[PDB]
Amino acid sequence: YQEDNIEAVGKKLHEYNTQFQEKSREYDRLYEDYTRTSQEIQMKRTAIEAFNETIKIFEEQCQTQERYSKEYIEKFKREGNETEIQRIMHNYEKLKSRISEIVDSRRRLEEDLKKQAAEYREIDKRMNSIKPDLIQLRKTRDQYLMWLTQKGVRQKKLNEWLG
């Protein structure tokens, strides 16, 4: 139209509160990893931008080297100073191989960001699997507490069970 003894319900209130506190501490730990990883992924993403901008500067240097050197390569060829041409070109070769080192460093970081992106997703997945238990344990704890309050159980007795 509109189910147990008090000591038995209180024991179960104590158990469910203890299970809720543990599940909360598990969630809080995961949320901390979630927070830490989100910050770290952001830092790596700005680091990749920094690599990009570094590589860009080096490619401007290559452009500059090629336009600027031409006249002096031609001038030293007329004057027979082919050793000075060889110095300019060997110096430019050193520039090029330094660009390959930096590109390789950018690649290592892109692969690290890839791994940590998957970690972020796995952390979020674990959080989302914990939430049902966490929420269900909170609601169950509150129902036992209300049942006992209805039954007229004093606050001091409720406090012993709640931790």
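Residue positions are given as counts along the sequence shown, with the first one as 1.
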**Other PDB entries, at least a third, lacking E160** = no
**Message:** Please check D4 against the other PDB entries of this protein that were compared: is it missing in at least a third of those that model both its neighbours?
**Reply:** no
**Fill in**
Of the deposited residues between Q2 and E3, the number without coordinates is 4 to 9
**Asked** Out of 70 to 78 and 83 to 91, which stretch has the higher average CA B-factor listed in the record?
**Response** 70 to 78
**Item:** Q155 by Cα B-factor - lowest, middle or highest third of the modelled chain
**Value:** highest
**Request:** Rank-wise, by C-alpha B-factor, drop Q39 into the lowest, middle or highest third of its chain.
**Result:** middle
**Prompt:** So where's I135 on the chain's Cα temperature factor ranking, which third?
**Reply:** lowest
**CA B-factor placement of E59, once the chain's modelled residues are sorted into thirds** = lowest
**Complete:** The third of the chain into which the C-alpha temperature factor of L30 falls is the highest
